[PDB]
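structure.pdb follows; it contains PDB, N, CA and C atoms.
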```pdb
ATOM      1  N   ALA A   1      16.513   2.725  -7.762
ATOM      2  CA  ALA A   1      15.975   4.097  -7.651
ATOM      3  C   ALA A   1      16.766   4.949  -6.621
ATOM      4  N   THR A   2      16.628   4.681  -5.305
ATOM      5  CA  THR A   2      17.134   5.590  -4.233
ATOM      6  C   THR A   2      18.513   5.131  -3.660
ATOM      7  N   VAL A   3      19.331   6.127  -3.272
ATOM      8  CA  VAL A   3      20.704   5.932  -2.727
ATOM      9  C   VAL A   3      20.634   6.233  -1.197
ATOM     10  N   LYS A   4      20.939   5.217  -0.371
ATOM     11  CA  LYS A   4      21.011   5.358   1.109
ATOM     12  C   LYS A   4      22.478   5.685   1.527
ATOM     13  N   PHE A   5      22.748   6.962   1.883
ATOM     14  CA  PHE A   5      24.114   7.449   2.241
ATOM     15  C   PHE A   5      24.189   7.845   3.746
ATOM     16  N   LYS A   6      25.216   7.356   4.467
ATOM     17  CA  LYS A   6      25.421   7.672   5.910
ATOM     18  C   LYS A   6      25.952   9.119   6.159
ATOM     19  N   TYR A   7      25.421   9.756   7.221
ATOM     20  CA  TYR A   7      25.659  11.190   7.539
ATOM     21  C   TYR A   7      26.462  11.277   8.874
ATOM     22  N   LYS A   8      25.807  11.169  10.052
ATOM     23  CA  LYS A   8      26.490  10.839  11.337
ATOM     24  C   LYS A   8      25.964   9.428  11.744
ATOM     25  N   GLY A   9      24.995   9.320  12.678
ATOM     26  CA  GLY A   9      24.188   8.085  12.853
ATOM     27  C   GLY A   9      22.767   8.191  12.251
ATOM     28  N   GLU A  10      22.671   8.550  10.954
ATOM     29  CA  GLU A  10      21.386   8.810  10.255
ATOM     30  C   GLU A  10      21.651   8.538   8.750
ATOM     31  N   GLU A  11      21.001   7.505   8.181
ATOM     32  CA  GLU A  11      21.220   7.106   6.765
ATOM     33  C   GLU A  11      20.095   7.710   5.872
ATOM     34  N   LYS A  12      20.499   8.638   4.985
ATOM     35  CA  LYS A  12      19.578   9.542   4.247
ATOM     36  C   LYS A  12      19.289   9.000   2.820
ATOM     37  N   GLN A  13      17.991   8.881   2.486
ATOM     38  CA  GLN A  13      17.523   8.302   1.199
ATOM     39  C   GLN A  13      17.285   9.438   0.154
ATOM     40  N   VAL A  14      18.074   9.433  -0.941
ATOM     41  CA  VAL A  14      18.070  10.512  -1.979
ATOM     42  C   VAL A  14      17.860   9.888  -3.395
ATOM     43  N   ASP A  15      16.986  10.499  -4.216
ATOM     44  CA  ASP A  15      16.585   9.940  -5.542
ATOM     45  C   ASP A  15      17.663  10.163  -6.646
ATOM     46  N   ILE A  16      17.763   9.189  -7.573
ATOM     47  CA  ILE A  16      18.658   9.267  -8.773
ATOM     48  C   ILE A  16      18.334  10.423  -9.784
ATOM     49  N   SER A  17      17.044  10.695 -10.080
ATOM     50  CA  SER A  17      16.612  11.894 -10.858
ATOM     51  C   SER A  17      16.998  13.296 -10.281
ATOM     52  N   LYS A  18      17.014  13.456  -8.942
ATOM     53  CA  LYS A  18      17.437  14.717  -8.262
ATOM     54  C   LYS A  18      18.977  15.003  -8.203
ATOM     55  N   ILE A  19      19.872  14.093  -8.659
ATOM     56  CA  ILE A  19      21.350  14.306  -8.651
ATOM     57  C   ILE A  19      21.700  15.169  -9.907
ATOM     58  N   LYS A  20      22.047  16.444  -9.660
ATOM     59  CA  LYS A  20      22.275  17.464 -10.722
ATOM     60  C   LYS A  20      23.666  17.349 -11.428
ATOM     61  N   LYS A  21      24.787  17.239 -10.676
ATOM     62  CA  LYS A  21      26.126  16.907 -11.244
ATOM     63  C   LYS A  21      26.820  15.856 -10.330
ATOM     64  N   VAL A  22      27.294  14.752 -10.938
ATOM     65  CA  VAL A  22      28.077  13.679 -10.251
ATOM     66  C   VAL A  22      29.478  13.562 -10.931
ATOM     67  N   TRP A  23      30.536  13.442 -10.105
ATOM     68  CA  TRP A  23      31.943  13.377 -10.586
ATOM     69  C   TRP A  23      32.777  12.417  -9.689
ATOM     70  N   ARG A  24      33.532  11.509 -10.336
ATOM     71  CA  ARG A  24      34.476  10.586  -9.650
ATOM     72  C   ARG A  24      35.868  11.264  -9.481
ATOM     73  N   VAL A  25      36.162  11.754  -8.262
ATOM     74  CA  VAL A  25      37.450  12.448  -7.951
ATOM     75  C   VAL A  25      38.679  11.487  -7.781
ATOM     76  N   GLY A  26      38.556  10.361  -7.048
ATOM     77  CA  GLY A  26      39.656   9.382  -6.913
ATOM     78  C   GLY A  26      39.246   8.238  -5.974
ATOM     79  N   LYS A  27      39.558   8.388  -4.676
ATOM     80  CA  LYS A  27      38.999   7.509  -3.603
ATOM     81  C   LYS A  27      37.483   7.742  -3.263
ATOM     82  N   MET A  28      36.923   8.950  -3.501
ATOM     83  CA  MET A  28      35.482   9.260  -3.284
ATOM     84  C   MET A  28      34.787   9.684  -4.619
ATOM     85  N   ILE A  29      33.443   9.754  -4.570
ATOM     86  CA  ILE A  29      32.582  10.223  -5.693
ATOM     87  C   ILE A  29      31.701  11.344  -5.056
ATOM     88  N   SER A  30      32.043  12.618  -5.324
ATOM     89  CA  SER A  30      31.284  13.791  -4.812
ATOM     90  C   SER A  30      30.157  14.217  -5.801
ATOM     91  N   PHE A  31      29.016  14.678  -5.248
ATOM     92  CA  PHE A  31      27.794  14.984  -6.041
ATOM     93  C   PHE A  31      26.976  16.162  -5.433
ATOM     94  N   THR A  32      26.454  17.041  -6.309
ATOM     95  CA  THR A  32      25.515  18.136  -5.928
ATOM     96  C   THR A  32      24.077  17.734  -6.363
ATOM     97  N   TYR A  33      23.219  17.412  -5.383
ATOM     98  CA  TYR A  33      21.770  17.132  -5.599
ATOM     99  C   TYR A  33      20.900  18.383  -5.277
ATOM    100  N   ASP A  34      19.862  18.653  -6.093
ATOM    101  CA  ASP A  34      18.864  19.725  -5.801
ATOM    102  C   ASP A  34      17.672  19.174  -4.955
ATOM    103  N   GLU A  35      17.063  20.063  -4.148
ATOM    104  CA  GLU A  35      16.064  19.676  -3.103
ATOM    105  C   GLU A  35      14.820  20.610  -2.924
ATOM    106  N   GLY A  36      14.761  21.833  -3.497
ATOM    107  CA  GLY A  36      13.561  22.693  -3.382
ATOM    108  C   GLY A  36      13.607  23.904  -4.329
ATOM    109  N   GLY A  37      13.556  25.122  -3.762
ATOM    110  CA  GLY A  37      13.498  26.374  -4.558
ATOM    111  C   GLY A  37      14.876  26.986  -4.882
ATOM    112  N   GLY A  38      15.640  26.316  -5.765
ATOM    113  CA  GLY A  38      17.028  26.711  -6.109
ATOM    114  C   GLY A  38      18.072  26.676  -4.967
ATOM    115  N   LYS A  39      18.167  25.548  -4.236
ATOM    116  CA  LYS A  39      19.028  25.430  -3.028
ATOM    117  C   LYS A  39      19.635  24.003  -3.074
ATOM    118  N   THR A  40      20.892  23.876  -3.545
ATOM    119  CA  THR A  40      21.527  22.552  -3.809
ATOM    120  C   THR A  40      22.356  22.060  -2.582
ATOM    121  N   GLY A  41      21.992  20.877  -2.056
ATOM    122  CA  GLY A  41      22.789  20.162  -1.031
ATOM    123  C   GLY A  41      23.893  19.262  -1.635
ATOM    124  N   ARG A  42      25.042  19.183  -0.945
ATOM    125  CA  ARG A  42      26.258  18.495  -1.462
ATOM    126  C   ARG A  42      26.537  17.211  -0.626
ATOM    127  N   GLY A  43      26.355  16.036  -1.256
ATOM    128  CA  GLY A  43      26.683  14.721  -0.652
ATOM    129  C   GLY A  43      27.970  14.063  -1.209
ATOM    130  N   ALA A  44      28.324  12.904  -0.620
ATOM    131  CA  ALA A  44      29.522  12.115  -1.024
ATOM    132  C   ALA A  44      29.319  10.594  -0.752
ATOM    133  N   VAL A  45      29.895   9.754  -1.637
ATOM    134  CA  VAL A  45      29.766   8.269  -1.583
ATOM    135  C   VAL A  45      31.116   7.636  -2.055
ATOM    136  N   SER A  46      31.688   6.702  -1.270
ATOM    137  CA  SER A  46      32.990   6.041  -1.602
ATOM    138  C   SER A  46      32.917   5.039  -2.806
ATOM    139  N   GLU A  47      34.088   4.547  -3.268
ATOM    140  CA  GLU A  47      34.190   3.639  -4.453
ATOM    141  C   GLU A  47      33.555   2.225  -4.259
ATOM    142  N   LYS A  48      33.920   1.457  -3.204
ATOM    143  CA  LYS A  48      33.137   0.249  -2.785
ATOM    144  C   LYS A  48      31.665   0.534  -2.320
ATOM    145  N   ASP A  49      31.396   1.669  -1.642
ATOM    146  CA  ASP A  49      30.031   2.075  -1.199
ATOM    147  C   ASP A  49      28.971   2.290  -2.331
ATOM    148  N   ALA A  50      29.332   2.898  -3.484
ATOM    149  CA  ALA A  50      28.401   3.098  -4.626
ATOM    150  C   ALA A  50      28.105   1.749  -5.367
ATOM    151  N   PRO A  51      26.844   1.225  -5.466
ATOM    152  CA  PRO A  51      26.594  -0.173  -5.908
ATOM    153  C   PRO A  51      26.746  -0.436  -7.437
ATOM    154  N   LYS A  52      25.855   0.095  -8.308
ATOM    155  CA  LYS A  52      25.803  -0.310  -9.745
ATOM    156  C   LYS A  52      25.260   0.800 -10.698
ATOM    157  N   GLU A  53      24.104   1.441 -10.410
ATOM    158  CA  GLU A  53      23.429   2.390 -11.353
ATOM    159  C   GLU A  53      24.276   3.621 -11.813
ATOM    160  N   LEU A  54      24.855   4.397 -10.873
ATOM    161  CA  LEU A  54      25.784   5.522 -11.200
ATOM    162  C   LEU A  54      27.138   5.112 -11.873
ATOM    163  N   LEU A  55      27.718   3.941 -11.527
ATOM    164  CA  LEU A  55      28.949   3.400 -12.173
ATOM    165  C   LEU A  55      28.819   3.016 -13.688
ATOM    166  N   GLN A  56      27.686   2.425 -14.130
ATOM    167  CA  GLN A  56      27.466   2.013 -15.551
ATOM    168  C   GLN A  56      27.411   3.166 -16.607
ATOM    169  N   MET A  57      26.795   4.324 -16.289
ATOM    170  CA  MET A  57      26.607   5.454 -17.248
ATOM    171  C   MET A  57      27.927   6.130 -17.732
ATOM    172  N   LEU A  58      28.804   6.567 -16.803
ATOM    173  CA  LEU A  58      30.069   7.283 -17.142
ATOM    174  C   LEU A  58      31.220   6.432 -17.774
ATOM    175  N   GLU A  59      31.257   5.088 -17.617
ATOM    176  CA  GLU A  59      32.237   4.212 -18.332
ATOM    177  C   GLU A  59      31.545   3.113 -19.212
ATOM    178  N   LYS A  60      30.503   3.474 -19.996
ATOM    179  CA  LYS A  60      29.896   2.588 -21.032
ATOM    180  C   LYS A  60      29.020   3.416 -22.018
ATOM    181  N   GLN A  61      27.988   4.141 -21.529
ATOM    182  CA  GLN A  61      26.901   4.698 -22.383
ATOM    183  C   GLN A  61      27.381   5.921 -23.223
ATOM    184  N   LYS A  62      27.376   7.155 -22.677
ATOM    185  CA  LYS A  62      27.880   8.356 -23.398
ATOM    186  C   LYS A  62      28.169   9.485 -22.385
TER     187      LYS A  62
END
```

Turn this file's structure into structure tokens for me.
Amino acid sequence: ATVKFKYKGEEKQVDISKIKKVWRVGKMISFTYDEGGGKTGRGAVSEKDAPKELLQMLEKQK
């Protein structure tokens, strides 16, 4: 369900349903998640750092 991503010294828990657009750029995977009344926050997660759920959809399903 939830993705724990490091910020400075604070690891932030964000839901898989709230990730609006996800894209694999090269060494990193950048993503725009929505959070309230039309105001999108922008996170990032590395290639070894991202575990299994987001990796299976873009290189198997459709």

(message) Set the distance at 12 Å and use only C-alpha atoms: which residues neighbour residue 25 (chain A) once local chain neighbours fewer than 2 positions away are removed? I'd like the list as a PyMOL selection string.
(response) chain A and resi 22-23+27-31+44-47

(request) Just the strand (DSSP E or B) stuff from chain A, please, per backbone DSSP, written as an NGL selection string. (result) :A and (2-6 or 11-15 or 19-24 or 28-34 or 40-46)

(message) Please expand the PyMOL selection byres (((chain A and resi 41 and name CA) around 12) and name CA) into the concrete residues it hits in this file, giving the result as a PyMOL selection string.
(response) chain A and resi 14+18-21+30-40+42-44

Kindly compute an axis-aligned box around the listed atoms of region 24-35 of chain A, allowing 3 Å on each side, and express its centre and edge lengths in Å to one decimal as JSON.
```
{"center_x": 27.2, "center_y": 14.1, "center_z": -6.6, "size_x": 30.8, "size_y": 19.1, "size_z": 13.4}
```

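Within chain A, DSSP applied to the backbone places the following residues in helix (DSSP H, G or I): residues 53, 54, 55, 56, 57, 58, 59, 60 and 61 of chain A.
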
Generate the output file for the selected residues, N, CA and C atoms, as a tab-separated table (two decimals), in the frame of the given file.
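The resulting out-v4.tsv:
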```tsv
chain	number	residue	atom	x	y	z
A	53	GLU	N	24.10	1.44	-10.41
A	53	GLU	CA	23.43	2.39	-11.35
A	53	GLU	C	24.28	3.62	-11.81
A	54	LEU	N	24.86	4.40	-10.87
A	54	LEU	CA	25.78	5.52	-11.20
A	54	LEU	C	27.14	5.11	-11.87
A	55	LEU	N	27.72	3.94	-11.53
A	55	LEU	CA	28.95	3.40	-12.17
A	55	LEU	C	28.82	3.02	-13.69
A	56	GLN	N	27.69	2.42	-14.13
A	56	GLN	CA	27.47	2.01	-15.55
A	56	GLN	C	27.41	3.17	-16.61
A	57	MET	N	26.80	4.32	-16.29
A	57	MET	CA	26.61	5.45	-17.25
A	57	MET	C	27.93	6.13	-17.73
A	58	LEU	N	28.80	6.57	-16.80
A	58	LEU	CA	30.07	7.28	-17.14
A	58	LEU	C	31.22	6.43	-17.77
A	59	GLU	N	31.26	5.09	-17.62
A	59	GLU	CA	32.24	4.21	-18.33
A	59	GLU	C	31.54	3.11	-19.21
A	60	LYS	N	30.50	3.47	-20.00
A	60	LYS	CA	29.90	2.59	-21.03
A	60	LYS	C	29.02	3.42	-22.02
A	61	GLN	N	27.99	4.14	-21.53
A	61	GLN	CA	26.90	4.70	-22.38
A	61	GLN	C	27.38	5.92	-23.22
```

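Between atom N of residue 53 (chain A) and CA of residue 16 (chain A) there is a distance of 9.7 Å.
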
(request) Between CA of residue 5 (chain A) and atom N of residue 49 (chain A), measure the distance and give it in Å to one decimal. (result) 10.1 Å

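Relative to atom C of residue 12 (chain A), CA of residue 61 (chain A) is found at 26.7 Å.
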
(request) Would you list the contacts of residue 15 (chain A) as an NGL selection string, taking every protein, DNA or RNA residue within 8 Å and counting only N, CA and C atoms, but skipping same-chain residues closer than 5 positions in sequence? (result) :A and (1-4)
